[PDB]
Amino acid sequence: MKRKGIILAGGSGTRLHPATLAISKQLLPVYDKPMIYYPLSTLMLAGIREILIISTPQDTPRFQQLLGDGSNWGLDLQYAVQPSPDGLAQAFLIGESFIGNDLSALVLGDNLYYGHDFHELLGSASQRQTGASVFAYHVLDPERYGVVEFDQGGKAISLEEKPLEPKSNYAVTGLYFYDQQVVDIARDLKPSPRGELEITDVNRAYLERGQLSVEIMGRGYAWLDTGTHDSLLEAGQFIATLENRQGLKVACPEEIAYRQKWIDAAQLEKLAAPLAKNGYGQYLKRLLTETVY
């Protein structure tokens, strides 16, 4: 069965004000491209072409101006609004008609991933047609996240949302793969004491039915989020160091679409034209004649 994608690029409330007073966090650049390019590229790398972008009423037209309907990149993008930030699990109610009877994947609009064989890590989660798949990653500050606990055999046995005393240093990352049960689970969720529909409650529902796969995302992968001004800056520096070293870009959607064969050489050449006088368009042009393994 095919899998649809959702990017949640909602309000980060007032947390990063005044930097985010004028625009949405997920429109801020990480080095050389808007933040949302990164999770969008993540969905694309998982082979997902039909994608719903959920944002605030105010910023939706700005996402639309940036991304269009996706057709330029071999995608089909649709848009939905989240009037109020009522929790990550709300994506499934807002996205209910978009999803229909299909499999799905949710990615947070401010999550960046980097590493070798990421494509294959995503592929193996995408091919699991039943149940749910999340990724666990070792962090310094697991108390900020959904935390997964494992028994001595390596099996996930509990999930806790922002525990004061984390059972491990393994956080659940902001990338989630779901079967056709997720909308019904989300519909039956009640708000938590913070007034939010919690994704962790969704994941625990799968866990209790023995249908949650927790794959380790190893330390050789970088999972960056952009939760503070400091971490945003570090994410920019990280991407810049890689791109300036390699002469290759991270999360260039045009490149990914070209490599997935969703667009061809002539379409890529046309996409390069408007940006030909800057490094980004020069990069797209170089992609036409260079072999990159």
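Throughout, we count residues from 1 along the sequence that is shown. Just so we're on the same page, rigid core means the largest C-alpha set that superposes within 1.5 Å between forms.
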In 8 other deposited structures of this protein, with the rigid core superposed, the stretch whose C-alphas stray more from the shown form, 26-34 or 224-232, is 224-232
Quick note, superposing on core in 8 other deposited structures of this protein and taking C-alpha RMS, the more shifted stretch of 202-210 and 189-197 is 189-197
Comparing 52-60 with 237-245, which stretch shows the greater average C-alpha B-factor in the deposited entry? 52-60
Mean C-alpha B factor from the entry: is it higher for 190-198 or for 69-77? 190-198
Which is it among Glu165, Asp141, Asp151, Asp179: the one with the largest CA B-factor in the entry? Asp151
From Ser104, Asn111, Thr130, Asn169, the top C-alpha temperature factor is at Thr130
Going by the entry, which third of its chain does the Cα temperature factor of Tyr137 land in? lowest
Where does the C-alpha B-factor of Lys261 rank in its chain, lowest, middle or highest third? highest
Please rank the C-alpha B-factors of the chain's modelled residues and tell me whether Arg219 sits in the lowest, middle or highest third. lowest
So, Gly115's CA B-factor, relative to its chain, sits in which third? The lowest
Lowest, middle or highest third: where is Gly174 by C-alpha B factor in its chain? lowest
